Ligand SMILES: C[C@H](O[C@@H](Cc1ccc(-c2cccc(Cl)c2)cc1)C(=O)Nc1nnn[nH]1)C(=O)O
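Starting off, we have a lone chain in the form deposited without the ligand, written out as structure tokens.
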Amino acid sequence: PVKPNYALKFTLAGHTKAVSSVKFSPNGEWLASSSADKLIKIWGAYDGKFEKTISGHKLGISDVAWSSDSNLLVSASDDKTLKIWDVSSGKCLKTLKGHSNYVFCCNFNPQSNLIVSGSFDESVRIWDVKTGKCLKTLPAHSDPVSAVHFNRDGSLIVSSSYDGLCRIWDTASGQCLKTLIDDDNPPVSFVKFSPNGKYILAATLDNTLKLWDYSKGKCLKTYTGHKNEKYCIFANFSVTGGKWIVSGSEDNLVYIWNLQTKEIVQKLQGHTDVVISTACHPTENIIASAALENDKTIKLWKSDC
């Protein structure tokens, strides 16, 4: 389609500090949000209706992520722990202790039997969901880890760091398979596998997004026009309608690019602070965006294509 037409439908207020990370449940019914106010909040994905608040962390939360069956959440906190939550009961099932600094990023594998985490302690850890035990500690980087993500079959982990590196790890052995970006500058602020696991979306703190061919280790696409020099902003593949790249920006907008042509197709105006997190609904043309302390709200946008 030439361009989407995302429009603001709901604004979700409730957090009392900067929002950090929003994620749609895989079954499409929920939006989960995490914030520096130490709280997780669950919202109706289609009407933004507040459902519950999930509490337990002693310090702010930087990231949250859903299990495959939409029943569990994992959260990553400045209190140096991750917590596994049962969403329906709101109870903490396990506290994952081991990191010696802020836990900044987390994700389930598709099987939902493992959790990967990255921390300011410059390590990546792989946890067993059932027992809460740390299975592997990877000396992954030499600076804070900005993102960790499994691929579609769970056999690979991509990690990024302020040391300027992006590395790909073999889940079963923890050994490095490849260093995709091997520079000491700029800091690599976010990474994510494409849905099919063949490409890696990478953000760097020079206002640049890139699409990398994992197998070839080569950059295929470069996306520019937004502002990103200070913070680790989430970025997404939007696949429900047109094939877009979606990202927040430090000029308080949501940017949407055509994946193939690299042209900006839309910019969503409304937030009053850095749009730190964006997320794309699994089935509908819906985007969730969240902003830092001057805003503290979540916005839901819907497009016809």
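Shifts are known only where both forms have a C-alpha. In case it trips you up, residue 1 is the first one in the sequence shown, and so on. For the two forms, the rigid core is made up of the largest set of C-alpha atoms that agree within 1.5 Å on superposition.
Below, we refer to the form deposited with the ligand bound, which is not included among the displayed structures.
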item	value
Contact of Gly197 with the ligand in the entry with it bound (heavy atom, 4.5 Å)	yes
Heavy atom of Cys280 within 4.5 Å of the ligand in the entry with it bound	no
is_contact(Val239, the ligand) in the entry with it bound, heavy atom dist at most 4.5 Å	yes
Touches the ligand in the entry with it bound: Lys136 (any heavy atom, 4.5 Å)	no
Full three-residue contact with the ligand in the entry with it bound, heavy atom 4.5 Å, for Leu211, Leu220 and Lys243	yes
Interface segment, criterion being heavy atoms within 4.5 Å of the ligand in the entry with it bound, picked from 175-183, 89-97, 231-239, 122-130	231-239
Single option in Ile42, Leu259, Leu253, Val265 placed near the ligand in the entry with it bound, where near means a heavy atom within 4.5 Å	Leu259
Candidates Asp143, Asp182, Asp170, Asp213 - which moves between the shown form and the other one, C-alpha at least 2 Å, core fixed	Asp182
Cα-Cα trend for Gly225 and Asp184, given that in the entry with it bound the distance shifts by 3 Å or more	closer
Cα distance between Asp184 and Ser123, which in the entry with it bound differs by 3 Å or more from this form, closer or farther	farther
Moved runs of 3+ residues, each with a C-alpha displacement of 2 angstroms or more between the shown form and the other one on the rigid core	182-185
